[PDB]
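What follows is a pair of forms of the same protein chain, given separately as structure tokens and numbered structure 1 and structure 2.
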Structure 1
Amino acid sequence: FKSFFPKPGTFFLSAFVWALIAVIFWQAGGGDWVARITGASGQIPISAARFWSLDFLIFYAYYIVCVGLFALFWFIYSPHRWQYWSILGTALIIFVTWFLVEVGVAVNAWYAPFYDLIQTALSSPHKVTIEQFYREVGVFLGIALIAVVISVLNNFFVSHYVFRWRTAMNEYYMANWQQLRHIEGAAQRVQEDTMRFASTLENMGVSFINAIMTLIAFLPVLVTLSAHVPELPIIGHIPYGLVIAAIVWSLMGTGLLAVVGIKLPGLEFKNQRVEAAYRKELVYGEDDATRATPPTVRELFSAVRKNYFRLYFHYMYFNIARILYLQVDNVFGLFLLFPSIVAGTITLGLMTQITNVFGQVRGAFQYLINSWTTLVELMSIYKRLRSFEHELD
């Protein structure tokens, strides 16, 4: 952290505070006040040309200025060797993560005109020509090429950014290698842990903000869509139906799974301890003939087997909750629309757009849920590195 980011204790606190001020200013008065000066209308095209429209160009300049002011302050307050990768590189990664989310919002907005065309064609034969379908797919493809080009370049930069984090960590560890030479497993920490720490931390760092950005991007979408869905199946009429139900289903559903699997991180940590003890005895017995004896390794593997069997038993309840939540989530989006579908207040495009919004939010959160094992790995790596640096003193 200290080798890559400048003063991590204050840098991340300052970044969070500065981002909060920038977000608050833009979402309250900044967004409209800047647009009035430039003269940008709210008509955002559904096609791929919306990403270089006036409204999107303004946000590109606003993000650059906010990052530039943040970067210039930290370039003078405390210079760093990797300040161009830690500060500016993360801002690029955060921006591209937001951009790929807004591409999904553009794709989601395309599901309404397309499936309204499908409903028109199905409702009456020989009414919609095949040329209209070709153009609509052409609109989707235009957004797809933007998604393809940016995503391909995103993985290229993220991989290069991660390697610079490893390079920063490796340079710090190799500089004071003489004091770190005598630490047990020092070679693994310098080589295996530096790449693992950077890759793991960056992966869930992007995954966490991507899940948050998915909510932030689709909440205004659901507020506009909730006008066509005034009635809910069991809980009746609510001023904000879809927005409340989606938030409750997503956040509490994600929150409840964490509550069900509270014991899982503890069991995984214990599994790592018994495996390490089994490995540690084997390492000692590699040279000494009195170590790693049959009755010694028998009890150690029994502890490994017993704790692993405990993890499988507890993870069974997590599987029950996780899989049941996934199966219901496949039909929950349509379940909320049953009173509106019956009453004929929505079209097939609105039905598919609302269901897609739930699907995109579900997919963003699924990467977060499936990364709980990844989180346990990161804490294990960090503790090994923290102990490795503590010995350095």
Structure 2
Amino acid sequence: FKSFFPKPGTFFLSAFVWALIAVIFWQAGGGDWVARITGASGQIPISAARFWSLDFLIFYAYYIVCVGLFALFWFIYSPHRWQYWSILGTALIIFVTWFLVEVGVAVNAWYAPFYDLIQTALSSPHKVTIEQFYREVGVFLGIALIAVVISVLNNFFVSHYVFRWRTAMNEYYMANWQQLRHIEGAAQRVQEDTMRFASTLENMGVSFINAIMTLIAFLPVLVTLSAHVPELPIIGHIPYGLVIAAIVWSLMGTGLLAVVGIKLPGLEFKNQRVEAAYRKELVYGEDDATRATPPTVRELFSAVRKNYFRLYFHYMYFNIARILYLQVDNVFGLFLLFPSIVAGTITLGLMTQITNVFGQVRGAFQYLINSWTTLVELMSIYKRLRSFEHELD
């Protein structure tokens, strides 16, 4: 942390404080003032031309100015070596994640007119010409090309940034290898642990950030779409029925999966422990017939067999829960819209858009739980590296 970034606690606290200050000044206050100064209308096109629209360009300029001011403060208060990769490299990753979320939102918005046109064409034969379908596909292809280019460049930069982090940590460790030599398994730390800790932290940060922005982007969309869904099945009219139902479904799914998926890491750790013990007893195979005797290997294999069987049973329970949820979700997407389909309050496009929003929200919750899962191994590797570094001190 101290090798790549500046002072870690202070750096992260200042980053969060400045992000909150900028969000407060923009989303409530000066954002509309700057839009009025620039004369940018609120009309956001559904095509790929929204990403160079005046609102988007104004936000890009504001983000660039804020990040530049933060970087200029941190480049003079505490100069660093990897400041250009840690301060201006994390901001780029965050911005590209937000841009990809916005691209997904644009695709979601495009999903409504396309399926509305599909329904209109299916209403009567040869009512809608094929050139309209070609134009809609062209719009989607423009958006998708933007997404492809941005995603490819994002992956390139993410990989290079991770390797720069590994390079910084490796440089620090080689600077003190003369003192860190007399530590058990130091070569494994400097080679494997550095790369795995950098990659896992990168992945966890990106997953958490992407889940947060996915929720922030797709909750207002669902709130807007809920105006065409007067009532839910069975229960009837719930004021914000669609938003409440989607949030409750995703939350209960993730809670049900996590309640039975918290016992699984303990059993996995137990299986790893007994496998390591079996390998250790198989090691000492240079000690003739004295070690690795038939009774000892028999006992250790019996232990690993029992632990594996326990893991199999518990994963049977988890599999029942997860597969049932996954099978139900496909038609639970449309179950909440059945009364609106019957009553004719929504069209094909709105129904497809609502199902897409449900899927994206569920994916955001899955990214949150997977971020926690990555944080588990991250804590493991951080404990290893912290012990390795503290043994020097």
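Numbers follow structure 1, counted from its first residue as 1. For clarity, a rigid core is taken as the largest C-alpha set superposing within 1.5 Å between two forms.
A.B. asks: Report the residue, chosen from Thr90, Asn170, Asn271, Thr97, for which the CA moves 2 Å or more between structures 1 and 2 after the rigid core is overlaid.
C.D. replies: The displaced C-alpha is that of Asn271.
A.B. asks: C-alpha of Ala364: shift of 2 angstroms or more between structures 1 and 2, rigid core aligned?
C.D. replies: Shift of 2 Å or more: yes.
A.B. asks: After the core is overlaid between structures 1 and 2, has the C-alpha of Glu299 moved by 2 angstroms or more?
C.D. replies: After core superposition, the C-alpha of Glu299 moves 2 Å or more between structures 1 and 2.
A.B. asks: Determine, after fitting the two forms on their core, whether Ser14 shows a C-alpha shift of 2 Å or more between structures 1 and 2.
C.D. replies: No, the C-alpha position differs by under 2 Å between structures 1 and 2.
A.B. asks: Can you give the CA shift of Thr352 between structures 1 and 2, in Å, with the two forms fit on their core?
C.D. replies: A shift of 0.8 Å.
A.B. asks: After aligning on the rigid core, report the distance the C-alpha of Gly31 travels between structures 1 and 2, in angstrom.
C.D. replies: The alpha-carbon displacement, core-superposed, is 1.7 Å.
A.B. asks: Give the C-alpha shift of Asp288 between structures 1 and 2, in Å, after superposing the two forms on their rigid core.
C.D. replies: Superposing on the rigid core gives a C-alpha shift of 9.6 Å for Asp288.
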